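First the structure, in the form of C-alpha cells, and then the observations on it.
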Amino acid sequence: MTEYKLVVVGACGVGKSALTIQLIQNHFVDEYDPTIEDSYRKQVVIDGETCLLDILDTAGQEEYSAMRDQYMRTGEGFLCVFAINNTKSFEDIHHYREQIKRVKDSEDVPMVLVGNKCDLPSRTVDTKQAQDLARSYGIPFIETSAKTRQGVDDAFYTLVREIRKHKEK
Ligand SMILES: Nc1nc2c(ncn2[C@@H]2O[C@H](COP(=O)(O)OP(=O)(O)O)[C@@H](O)[C@H]2O)c(=O)[nH]1
Ligand SMILES: [Mg+2]
C-alpha cells in the first residue's frame with residue numbers, strides 16, 4: 001500500500017509529540033519527555049486511498065548530524081509546527097524552512113505550517129502574521145489544538161495532499 005514518510009519539526013515545547021499522539025492514538029498527552037524522538041505508523045484512508053503514514057516525531061539535536069540529514073533526505077513531507085503563544089517558536093520556522101531545503105537541495109519540498117495550542121487564550125502570534133509567512137512560502141497554514149483535536153486530521157491530511165501534488169509533476 002502507498003506509504004507517506006512524514007516528519008514533524010519545530011522548536012521544543014510546541015506540541016509535536018502531542019499532535020502526533022493525538023493522530024495515532026486519539027488521546028491528549030499532558031506530559032511526554034521532550035527528549036524522546038520516535039516514529040509511529042498508522043493506516044488511514046485519505047480521499048479514498050488506503051495508505052500508511054510513517055511519522056517521525058523529532059526532538060531536535062541528534063547524536064550525529066548525519067542522522068538529521070538522513071531523516072530530512074528520506075522524509076517526503078514536513079509539518080512545521082510553532083505554538084501560537086511562543087513568538088520565538090514562530091521565528092524559528094525560518095530556520096527549519098532553510099535547513100530542510102538545504103539538506104534536500106531542492107526549492108520545492110512539501111510542507112505545511114501549523115500553529116498549535118489554539119485552545120489557549122494566551123496568543124502572541126496572530127493569525128494574520130502566520131498567514132503572511134505561509135503565503136511567502138507558498139504552503140498551507142492550519143491552526144490546531146492537540147488538546148481538543150481541532151485541525152489535527154486536516155494538518156496531516158493536507159500534508160499528504162501536498163506530497164501527492166509534488167509527485168504528479
Ligand atoms: N493547551 C494545549 N497544550 C498543549 C497542546 N499541545 C501540546 N501541549 C502541551 O505543551 C507541552 C509540550 O508539548 P509536547 O508535545 O511535549 O511538545 P514537543 O516538545 O514539541 O514534542 C505539554 O505540556 C503538552 O501537554 C495544545 O494544543 N494545547
Ligand atoms: Mg516531543
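Counting begins at 1 with the first residue of the sequence. Whatever order the structure lists them in is the order used to number ligands and atoms, beginning at 1. Hydrogens, waters and symmetry mates are skipped; everything else that's a heavy atom, side chains included, is used.
- Separation of atoms CD1 (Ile139) and CG (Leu133) is listed at 7.0 Å; rounding is to 0.5 Å.
- Residue contacts with ligand 1, taken as heavy atom pairs separated by less than 4.0 Å, involve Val14 via backbone and side-chain atoms alike.
- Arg164 has a carboxylate O that lies under 4.0 Å from a charged side-chain N of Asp47, or vice versa, which qualifies the two as a salt bridge.
- Screening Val44, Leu53, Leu52, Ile55 for a side-chain contact (heavy atoms from CB on, under 4.5 Å) involving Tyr4 leaves a single residue, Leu53.
- For ligand 1 and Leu120, the ligand atoms under 4.0 Å from any heavy atom of the residue are 1 (N).
- Near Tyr32, the atoms of ligand 1 lying under 4.0 angstrom from a non-hydrogen atom of the residue are 16 (O).
- Not a single N/O/S atom of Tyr32, whether from backbone or side chain, sits less than 2.8 Å from the Mg ion (ligand 2).
- A chain of hydrophobic side-chain contacts below 4.5 Å, direct or via other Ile, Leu, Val, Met, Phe, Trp or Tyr residues, connects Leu6 to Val112.
- Relative to atom 13 (O) of ligand 1, the option among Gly115, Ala146, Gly15, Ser89 with the closest non-hydrogen atom is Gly15.
- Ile46 and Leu159 fall within a single hydrophobic cluster, where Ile, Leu, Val, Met, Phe, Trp and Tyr are joined by side-chain heavy atoms under 4.5 Å apart, directly or via other members.
- At a 3.5 angstrom cut-off on N or O pairs, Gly13 counts as close to ligand 1.
- Checked by distance only, ligand 1 and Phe28 stay at 3.5 Å or farther apart across all their nitrogen or oxygen atoms.
- Separating the OG1 atom in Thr127 from the CG atom in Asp132 is a distance of 10.5 Å, to the nearest 0.5 Å.
- For the atom pair CD (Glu98) and CD1 (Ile93), the distance works out to 13.0 Å, reported to the nearest 0.5 Å.
- Between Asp119 and ligand 1, at least one pair of N/O atoms sits closer than 3.5 Å.
- Annotation for ligand 1: atoms under 4.0 Å from non-hydrogen atoms of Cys12 are 19 (O).
- Comparing heavy-atom distances from atom 3 (N) of ligand 1 across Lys147, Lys117, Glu37, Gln22 singles out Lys117 as nearest.
- Geometrically, ligand 1 and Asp30 share a nitrogen or oxygen pair separated by less than 3.5 Å.
- Between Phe82 and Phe141, the ring-plane angle classifies as parallel under the 30° and 60° cut-offs.
- Residues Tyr96 and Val125 share a hydrophobic cluster, clusters being chains of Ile/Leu/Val/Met/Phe/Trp/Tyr side chains in contact below 4.5 Å.
- Distances between N or O atoms of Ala18 and those of ligand 1 include at least one value under 3.5 Å.
- The atoms of ligand 1 that sit less than 4.0 Å from any heavy atom of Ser17 are 15 (O), 21 (O).
- The number of heavy atoms from other shown groups lying within 6.0 Å of NZ (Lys147) does not exceed 12.
- Ranking protein heavy atoms by distance to atom 6 (N) of ligand 1, first place goes to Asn116 ND2, 3.1 Å.
- Where the criterion is an N or O separation shorter than 3.5 Å, residue side chain and backbone included, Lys16 meets it with respect to ligand 1.
- Residue contact check: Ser145 has heavy atoms under 4.0 Å from atoms 27 (O) of ligand 1.
- At least one heavy atom of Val29 sits closer than 4.0 Å to an atom of ligand 1.
- Remark: side-chain polar atoms of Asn85 are not paired, donor with acceptor, to backbone N or O of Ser122 under 3.5 angstrom.
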